[PDB]
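See below for the structure under consideration.
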Amino acid sequence: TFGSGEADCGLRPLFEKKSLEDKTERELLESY
Amino acid sequence: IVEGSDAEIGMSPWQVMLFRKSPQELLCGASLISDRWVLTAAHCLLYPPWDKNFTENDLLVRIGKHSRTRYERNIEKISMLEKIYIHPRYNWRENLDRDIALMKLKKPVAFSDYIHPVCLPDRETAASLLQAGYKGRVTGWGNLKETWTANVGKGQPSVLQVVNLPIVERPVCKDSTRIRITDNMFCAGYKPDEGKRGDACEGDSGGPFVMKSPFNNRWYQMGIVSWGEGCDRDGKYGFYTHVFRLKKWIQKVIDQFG
Amino acid sequence: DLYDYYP
Ligand SMILES: *C[C@@](*)(O)[C@H](CCCNC(N)=[NH2+])NC(=O)[C@@H]1CCCN1C(=O)[C@H](N)Cc1ccccc1
Ligand code: NA
Numbered sequence: 285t286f287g288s289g290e291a292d293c294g295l296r297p298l299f300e301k302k303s304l305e306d307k308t309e310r311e312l313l314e315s316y
Numbered sequence: 321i322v323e324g325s326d327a328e329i330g331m332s333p334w335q336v337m338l339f340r341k342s343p344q345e346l347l348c349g350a351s352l353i354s355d356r357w358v359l360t361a362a363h364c365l366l367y368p369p370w371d372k373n374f375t376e377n378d379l380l381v382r383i384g385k386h387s388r389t390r391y392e393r394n395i396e397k398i399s400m401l402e403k404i405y406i407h408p409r410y411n412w413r414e415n416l417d418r419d420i421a422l423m424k425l426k427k428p429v430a431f432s433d434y435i436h437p438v439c440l441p442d443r444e445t446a447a448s449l450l451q452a453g454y455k456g457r458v459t460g461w462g463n464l465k466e467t468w469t470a471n472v473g474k475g476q477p478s479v480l481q482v483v484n485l486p487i488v489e490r491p492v493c494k495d496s497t498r499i500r501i502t503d504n505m506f507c508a509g510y511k512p513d514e515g516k517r518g519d520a521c522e523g524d525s526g527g528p529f530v531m532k533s534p535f536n537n538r539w540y541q542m543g544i545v546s547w548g549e550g551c552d553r554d555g556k557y558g559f560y561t562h563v564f565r566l567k568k569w570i571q572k573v574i575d576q577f578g
Numbered sequence: 274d275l276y277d278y279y280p
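Chains as they are written, first to last, in PDB author numbering: chain A, 285 to 316; chain B, 321 to 578; chain P, 274 to 280.
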């Protein structure tokens, strides 16, 4: 069943999969 | 998107564009949750006060696009719609409660560096991230300003726009509007006291409000751009369909209906 | 409650 989606969901090939951060994602993390 | 910036390439690889087929017109955003299922807002498809009732054959989606100022040959993909599911208790009469729909693709898309699905929140992500002040990220090709503005314009940008915005506490969402809010909605945006600006706008409906989990570093779609009053007004907040709340519907459609 | 119309 679907659950939260597929095994690789939410991991971007050009960012997370390369251990690279996008230019503004730190703004999100800092809010947490 | 108001007061956003141009997206980096591959930054939002779950972004989906919903077009009218005849003539070709960008209507709404959407998001990729598998190779063949796309989430959007119900009102992009069905809104009887405006005689809007689009069928599968009226629409098409484009996926993997970064700029409208180019056909991105070999990168962007298209599909026609096999089936539309509107939430059966979507409230178009009053307040767009349950502003959510699923679209199943006739041509499942191959994933690539530019095309990849987003997650739906589990209970733990919802509890931990859906808190006042925590920021999520909203994307779209909708209007840049509520009204035409000097040296900016109004309507649709070439490059996908992105803005990060904080979730706002429910009592402030409620007090900001005379429209009746429900638990299947949340609101986001800066308050007048915060100085920073930004919002979704017309044409961004159906696009995702995503948050990156600090626990597992995955992106989760928490909201769908649903509605507002104007765009980027002081003391007004964008409204989003609460994906977690509606997740059992999403799952039933995908798991059961075929 | 937690989910709309569930169970
Ligand atoms: C269809 C979507 O593009 C759009 C998104 C608006 C987002 N606005 C901001 N500031 N974040 N939604 C709509 O245009 C919906 C569809 C029906 C009318 N509408 C509205 O947002 C009205 N401005 C207000 C409204 C009317 C009826 C019921 C609820 C809200
Ligand atoms: Na505002």
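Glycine is no exception: its CB is placed at the ideal position from the N, C-alpha and C atoms.
Residue j beta carbon less than 9 Å from that of residue i
i	j	result
residue 294 (chain A)	residue 538 (chain B)	yes
residue 415 (chain B)	residue 500 (chain B)	yes
residue 453 (chain B)	residue 486 (chain B)	yes
residue 481 (chain B)	residue 327 (chain B)	yes
residue 458 (chain B)	residue 558 (chain B)	yes
residue 548 (chain B)	residue 519 (chain B)	yes
residue 349 (chain B)	residue 526 (chain B)	yes
Residue i, buried or exposed, once every other Cβ within 10 Å from all chains shown has been counted against 16
i	result
residue 377 (chain B)	exposed
residue 577 (chain B)	exposed
residue 331 (chain B)	buried
residue 335 (chain B)	buried
Distance, residue j Cα to residue i Cα
i	j	result
residue 569 (chain B)	residue 511 (chain B)	33 Å
residue 477 (chain B)	residue 531 (chain B)	24 Å
residue 449 (chain B)	residue 407 (chain B)	25 Å
residue 364 (chain B)	residue 387 (chain B)	22 Å
residue 550 (chain B)	residue 306 (chain A)	30 Å
residue 346 (chain B)	residue 329 (chain B)	20 Å
residue 274 (chain P)	residue 469 (chain B)	43 Å
residue 424 (chain B)	residue 560 (chain B)	22 Å
residue 303 (chain A)	residue 297 (chain A)	9 Å
residue 313 (chain A)	residue 465 (chain B)	27 Å
residue 375 (chain B)	residue 404 (chain B)	8 Å
residue 373 (chain B)	residue 397 (chain B)	25 Å
residue 493 (chain B)	residue 428 (chain B)	38 Å
residue 390 (chain B)	residue 278 (chain P)	44 Å
residue 516 (chain B)	residue 325 (chain B)	14 Å
Contact set between residue i and chain P, taken where Cβ atoms lie within less than 7 Å
i	result
residue 504 (chain B)	277
residue 565 (chain B)	276 and 277
Residue i: contacting residues in chain A (beta-carbon distance under 9 Å)
i	result
residue 454 (chain B)	312, 315 and 316
residue 571 (chain B)	285, 286 and 287
residue 574 (chain B)	285 and 286
residue 353 (chain B)	286, 289, 290 and 293
Distance cut-off 8 Å: residue i Cβ against heavy atoms of ligand 1
i	result
residue 410 (chain B)	no
residue 268 (chain B)	Coverage of chain B is limited to positions 321 through 578, which leaves residue 268 (chain B) absent and any answer about it impossible.
residue 475 (chain B)	no
residue 536 (chain B)	no
residue 367 (chain B)	yes
residue 484 (chain B)	no
residue 338 (chain B)	no
Near ligand 2: residue i beta-carbon under 8 Å from a heavy atom
i	result
residue 552 (chain B)	yes
residue 302 (chain B)	With chain B covering only 321 through 578, there is no way to say anything about residue 302 (chain B).
residue 555 (chain B)	yes
residue 391 (chain B)	no
residue 560 (chain B)	no
residue 462 (chain B)	no
residue 282 (chain B)	Lying before the first or after the last residue shown, residue 282 (chain B) is absent from chain B, which here runs from 321 to 578.
residue 324 (chain B)	no
residue 349 (chain B)	no
residue 509 (chain B)	yes
Proximal chain A residues relative to residue i, where beta-carbon distance stays under 8 Å
i	result
residue 439 (chain B)	288, 289, 293 and 294
residue 484 (chain B)	308, 311 and 312
residue 330 (chain B)	296, 297, 298 and 299
Contacts of residue i in chain A (Cβ-Cβ under 7 Å)
i	result
residue 539 (chain B)	294
residue 534 (chain B)	313 and 316
residue 436 (chain B)	296 and 297
Residues that residue i contacts on chain P, provided the C-beta gap is smaller than 9 Å
i	result
residue 662 (chain B)	Here chain B covers residues 321 to 578 and nothing more, so residue 662 (chain B) does not appear.
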